[PDB]
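Naming convention: chains lettered A, B, ... in sequence-line order (proteins, then strands); numbering from 1 in each chain. For the numbers below, each heavy atom of this structure counts, side chains included, while hydrogens, waters and symmetry mates do not. First listed ligand is number 1; within each ligand, the first listed atom is number 1.
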There are 4 protein chains.
Amino acid sequence: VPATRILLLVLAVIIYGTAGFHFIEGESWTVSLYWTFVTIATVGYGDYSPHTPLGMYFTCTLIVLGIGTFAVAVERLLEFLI
Amino acid sequence: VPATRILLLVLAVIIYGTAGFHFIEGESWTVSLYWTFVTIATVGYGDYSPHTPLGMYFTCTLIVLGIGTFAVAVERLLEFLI
Amino acid sequence: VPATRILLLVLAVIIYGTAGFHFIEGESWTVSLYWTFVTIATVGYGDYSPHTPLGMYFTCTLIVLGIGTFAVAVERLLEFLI
Amino acid sequence: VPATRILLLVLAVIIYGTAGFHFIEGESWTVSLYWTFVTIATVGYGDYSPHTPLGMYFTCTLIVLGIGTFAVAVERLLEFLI
Ligand SMILES: [K+]
Ligand SMILES: [K+]
Ligand SMILES: [K+]
Ligand SMILES: [K+]
Ligand SMILES: [K+]
């Protein structure tokens, strides 16, 4: 898959996760963006996490849609840096 | 491995983890499902975690049976979306 | 690498992590075993973590020696189950 | 990629993460080093995490630059041990 397409896909996941967490869980846009990266990278500090059933369901969807996409994106980035 | 078989295997892991956490740790079905995804994806927020020895042993079994299964499932999903 | 050798290697990592956490951080053998799995699987709930400089250094060594070993072990296990 | 070059790259990531967390978040050099390993390995205990917007942005950069680099480093280490 072309590297630029993978870039767009991961950006779309990032927008999806950030907007979702902001609207469902009520955290700031910046915190929501940070939480999205921490989650799709599988870091999961737990300083932020969903506290509502809708947020829990949403988080499971982000996990499924985002972890693979992020993994493919970082490996493609590797190639351009290295 | 056919994609549909991998789907069934990951669903079975999800049922196993959710029912186990619900019965052993006493969290709701929804929280238990969420915890199972967070755990087998290796996100591990720590908002929920086992507090009993049986729960700790069970969690190690879910980690061993579930992380690989989930990893193979997300990569297969990638292919159908992308 | 033969599957049985990978089994021995991951068991050795598990012994190393469990004994180290027990002696350095003073948690029970059971908690230490659980923490070792949570750590080398990269789940990282954070319900247990090192609180001493020696424990922090030890944890970095376990991360480096254990995460790859566990990853290879789970993928080999996949093959026998599936 | 030669193993020694991957070693240098992961060391550079470690220096970047440790110095950044120390200066931005004000934790000790030792805690900052530990946090960097926990983060780039994707363990993410959450005992330490950024509490400032700059720290959150920095952490996302470390996640993107560091997780892939660490992953390639551990797999190369595997080969020399095993
Ligand atoms: K992989
Ligand atoms: K992880
Ligand atoms: K975590
Ligand atoms: K994690
Ligand atoms: K955590």
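Rounded to 10 degrees, the O-metal-O angle spanning A/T42 and A/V43 at the K ion (ligand 4) equals 70°. Our summary of the site lists the angle at the K ion (ligand 5) between O of D/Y45 and O of B/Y45 as 130°, to the nearest 10 degrees.
Under the 4.5 Å side-chain criterion, counting only non-hydrogen atoms from C-beta, A/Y34 is in contact with D/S49.
Checked against the 6.0 Å centroid criterion, the rings of B/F58 and B/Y16 qualify as a close aromatic pair. B/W29 and B/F21 have their aromatic ring centers separated by at least 6.0 angstrom.
Among the atoms of B/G44, none of the N, O or S atoms falls under 3.4 Å from the K ion (ligand 4).
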Checklist entry - So B/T69 and B/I40, side chain to side chain contact (heavy atoms under 4.5 Å, CB included) or not? Walk me through it. => result CA-CA 8 Å; B/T69 306; B/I40 70 182; over 6 Å; no
